[PDB]
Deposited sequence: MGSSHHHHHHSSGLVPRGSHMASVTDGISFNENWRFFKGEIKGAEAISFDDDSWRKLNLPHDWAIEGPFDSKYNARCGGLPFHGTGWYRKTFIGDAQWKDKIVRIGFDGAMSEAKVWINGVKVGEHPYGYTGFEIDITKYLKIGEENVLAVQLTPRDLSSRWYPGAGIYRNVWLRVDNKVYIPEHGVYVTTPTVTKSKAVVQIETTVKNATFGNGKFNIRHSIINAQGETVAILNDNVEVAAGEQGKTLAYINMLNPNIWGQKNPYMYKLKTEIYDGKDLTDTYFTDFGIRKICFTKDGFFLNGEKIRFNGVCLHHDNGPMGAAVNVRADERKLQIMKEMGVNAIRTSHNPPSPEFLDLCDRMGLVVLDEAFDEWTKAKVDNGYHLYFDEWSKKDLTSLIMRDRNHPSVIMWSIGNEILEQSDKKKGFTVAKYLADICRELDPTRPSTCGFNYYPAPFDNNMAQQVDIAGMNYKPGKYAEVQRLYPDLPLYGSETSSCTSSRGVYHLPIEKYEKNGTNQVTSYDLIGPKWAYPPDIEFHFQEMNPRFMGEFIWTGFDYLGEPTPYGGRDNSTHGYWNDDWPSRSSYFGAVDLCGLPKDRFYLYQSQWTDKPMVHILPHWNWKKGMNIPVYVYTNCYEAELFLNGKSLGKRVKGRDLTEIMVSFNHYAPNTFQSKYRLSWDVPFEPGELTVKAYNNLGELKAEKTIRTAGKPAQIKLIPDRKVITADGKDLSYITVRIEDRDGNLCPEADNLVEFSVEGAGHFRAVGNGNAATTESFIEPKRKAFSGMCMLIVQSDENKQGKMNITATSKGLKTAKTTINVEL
């Protein structure tokens, strides 16, 4: 029934064709040769940065179900990258250029009940339309919505919490109802607020009069006593079930996930639930490396989990709306989010960027973003742009900023607007920074003090920071890869130590958002900016951040200990403990106290309190680091060993049990070890993979930016000792999935993944 169903998946059973072909929108077109696949789908991750432009066609053929007779029928696309045209039974019903905002088509008038129907989508992504890897295809989920003629249209519930206290929160709810009948009506609304255990704990009644053919809105509120407060440690989520009634008859059911938290900002900082919050933040691009751009919940969850292990409490969605699923995870995992709309406005950064669409589409797209995301408790700011060229239009650039900021204020005043500024002092002197609620600075720690003198009333944070580059496990002593000593970057870049320093000296700054948390795909086809590599393996940079951003005692040592006798090895230790002591084959090499024994790093040079360092003449064997508190008590330790020749493969699944849904993944780390089980720190052995039983091979990676190996062939070379196998369940198939990893001259490895549900 249409009254109980709130939008089901329309992802299954499509036809795809990469390339231009005449008349493929037509009912009678013959797509029998076309490849068969389920959405979501990124075609650009398959081919051989990686080519992302051209033409792609999708067609789905379906019977008009008898239950859809006299119903309103819509197809929702969360994302199609990019330049979409859509047809139903040959009639054009949709056209959407921007690939990061979703859109909806109404197929009610053209739907044929009991006969065949053909939904056709053409994507024409252009070259030079993105500064990073966008993907190509219907890369986000697609939804079928079958409603009765009185119903809640898309983004039709808006949930706010204008009072949030320990004793009582007030939940305010705006309901939008569409009356597609030929009669005026008064309709009842029942809001059921449902807790984490599935029990309805409060019901709020409302109603609305809507004339025939029209849409109406109504507002009501309800008290929640002793509420479960959404916070970073305890990210408690409620579920709102909204039911529409026409007299005794239910006409529609509509669900909204929401949380209960208050946010507040002054010129001196940001506040969550009445407490100062600081952003230990990361920028992330939307791809998931070997998995490409197609939405995958587990891929995103893993990425966010790894970021939380680093001490990350905040995300900047550089530089576009993310998927809804990504934001659902942030909600569930207690991360605060800066939800960013655009990378350029009226002035072009790239030839076929958003400036082509800005005048016609900017209001519609920003409106669509805020309407889509204004119920996520994770979202705390609307970022209207990143590094936009209008920063240097002295006379008029501020007007475009105001225009976008006013739309933020009109649609959702419960969250501040912001923007990421890379020019200095331009947008501060040109009246631009003042048009948003909170100003973000990109790569300007040296100017933090000065901008506060000149513009003391602006709230501030580092919207983009560091841009330090490294390759995982690569050290250049004394290139095509970059040193993992974390010194090098582009002209505006600087090591993390510099941001930490200037964050401490400028407490008003709300925090930072590093470029980037994970490596991402480009247009060397991928990045080096990530603290974690493209397949989810932490670089040494991860531990530098972890040492600064977490309390749980840790210690990490670099580099590896496969060197030549005679070399002097600079040895760096990152810890959150008071001091550390280095031991080479049992012999002490000295204590070093953090904040006292400083490490000089080249930028001219900086004395950093954030690294501990030794100069060690290389004798082979084992190098052990011990971290202590200020009483001398051992709190953590790590040991690294000079490894021998590659002898064996070890396989480490992140999860030995996965869901039998056809989408869920196990990420199996692949190690190249010597005879004693020590990792071979520079190994590049080709590993081959075989997957049998309940599931299949999905993808491989190694975090190497400068390779052309496929992400989707069952073979991959190690990089700096490791690579990564990704397997996936088959839908509704339980049991064992058996993996075998082989490599010429090494001991074969096996592991089993169990698949349930």
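Practice item. Report the unmodelled segments of the deposited sequence as residue ranges counted from 1. Key: Gaps vs deposited seq, in order: 1-20, 69-78, 509-516, 562-581, 662-668.
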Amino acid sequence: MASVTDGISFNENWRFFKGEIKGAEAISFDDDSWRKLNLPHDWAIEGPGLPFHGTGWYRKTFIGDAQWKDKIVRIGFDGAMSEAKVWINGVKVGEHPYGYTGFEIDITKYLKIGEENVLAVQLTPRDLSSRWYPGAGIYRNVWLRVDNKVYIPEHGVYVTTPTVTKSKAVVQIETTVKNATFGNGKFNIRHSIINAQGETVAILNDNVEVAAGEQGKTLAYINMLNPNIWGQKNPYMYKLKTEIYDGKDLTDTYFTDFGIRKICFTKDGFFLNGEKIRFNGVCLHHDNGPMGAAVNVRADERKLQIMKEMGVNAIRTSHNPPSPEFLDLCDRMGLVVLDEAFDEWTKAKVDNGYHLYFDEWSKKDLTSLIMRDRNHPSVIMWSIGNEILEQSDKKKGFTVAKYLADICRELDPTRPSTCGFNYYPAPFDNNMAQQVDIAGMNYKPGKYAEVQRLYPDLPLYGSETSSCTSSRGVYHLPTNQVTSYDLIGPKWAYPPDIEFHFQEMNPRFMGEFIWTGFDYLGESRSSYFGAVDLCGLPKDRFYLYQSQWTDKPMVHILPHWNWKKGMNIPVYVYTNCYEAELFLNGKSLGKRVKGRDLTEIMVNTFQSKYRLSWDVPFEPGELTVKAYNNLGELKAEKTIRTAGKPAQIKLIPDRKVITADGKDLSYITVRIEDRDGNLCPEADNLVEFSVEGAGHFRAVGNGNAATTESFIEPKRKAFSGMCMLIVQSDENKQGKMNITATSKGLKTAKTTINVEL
From here on, numbers count along this sequence of modelled residues.
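Review point. 309-317 versus 634-642: which one carries the higher mean Cα B factor per the record?
Key: Between 309-317 and 634-642, it is 634-642 that shows the higher mean C-alpha B-factor.
Review point. What stretch has the higher average Cα B-factor here, 50-58 or 684-692?
Key: The deposited B-factors put 50-58 ahead on the C-alpha mean.
Review point. With respect to the C-alpha temperature factors reported in the PDB entry, which of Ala493, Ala211, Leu679, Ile384 ranks highest?
Key: Within the set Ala493, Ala211, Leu679, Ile384, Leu679 shows the top C-alpha B-factor.
Practice item. Using the temperature factors in the entry, find which of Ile222, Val73, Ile601, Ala627 has the highest value at its Cα atom. Key: Max CA B-factor in the entry, restricted to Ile222, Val73, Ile601, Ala627: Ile601.
Point to revise | Third of the chain, ranked by Cα B-factor, where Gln122 sits | key: As the PDB entry reports it, the C-alpha B-factor of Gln122 lands in the middle third of its chain.
**Study point:** Chain-wide C-alpha B factor ranking for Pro538, given as lowest, middle or highest third
**Key:** Middle third, going by the recorded CA B-factors of the chain.
Point to revise | Within-chain third of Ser362 by Cα B-factor, per the entry | key: Middle third by C-alpha B-factor.
Exercise for review: Would you mind ranking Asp615 by its C-alpha B-factor against the rest of the chain and naming the third, lowest, middle or highest?
Suggested key: It belongs to the highest third of the chain when residues are ordered by C-alpha B-factor.
Check your understanding: By its CA B factor, does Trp563 count among the lowest, middle or highest third of the modelled residues in the chain?
Key -> Ranked within chain, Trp563 CA B lands in the highest tercile.
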